[PDB]
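In what follows, a structure is listed as structure tokens, so that the remarks can point back to it.
The analysis underlying the following values was restricted to heavy atoms, covering all of them including side chains, and did not include hydrogens, waters or symmetry mates. All chains are named by letter (A, B, ...) in the order of the sequence lines, taking the proteins before the strands, and each is independently numbered beginning at 1.
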Number of protein chains: 8
Amino acid sequence: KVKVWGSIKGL
Amino acid sequence: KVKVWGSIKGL
Amino acid sequence: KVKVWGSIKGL
Amino acid sequence: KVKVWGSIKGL
Amino acid sequence: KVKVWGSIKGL
Amino acid sequence: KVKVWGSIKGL
Amino acid sequence: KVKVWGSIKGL
Amino acid sequence: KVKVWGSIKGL
């Protein structure tokens, strides 16, 4: 399993 | 702010 | 599946 | 207010 | 697909 | 910034 | 075990 | 950039 997390830069 | 969360399908 | 949500800063 | 919603294609 | 919709605040 | 972490299933 | 890590380009 | 590294279990 590969987790993805964060926020889109500039938005 | 635009959040991102989940997992990569097939991994 | 990687979900995306929120709102654009400053708008 | 400008909302954002969806999922990243291919993931 | 990541959808974007709304209106610009103050305009 | 959207980060990724995990391991490939079955390996 | 095969680890996966980093960040998605362009985000 | 999403790096991958390790070894296959049992081999």
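With hydrophobic clusters built from ILVMFWY side chains whose heavy atoms lie under 4.5 angstrom apart, B:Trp5 does not share a cluster with H:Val2.
Residues satisfying the side chain to side chain contact (heavy atoms under 4.5 Å, CB included) criterion with H:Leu11, sequence neighbours excluded, are H:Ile8. Legend: residues meeting side chain to side chain contact (heavy atoms under 4.5 Å, CB included) with D:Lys1, ordered by chain and number and at least two apart, are C:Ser7, D:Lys3.
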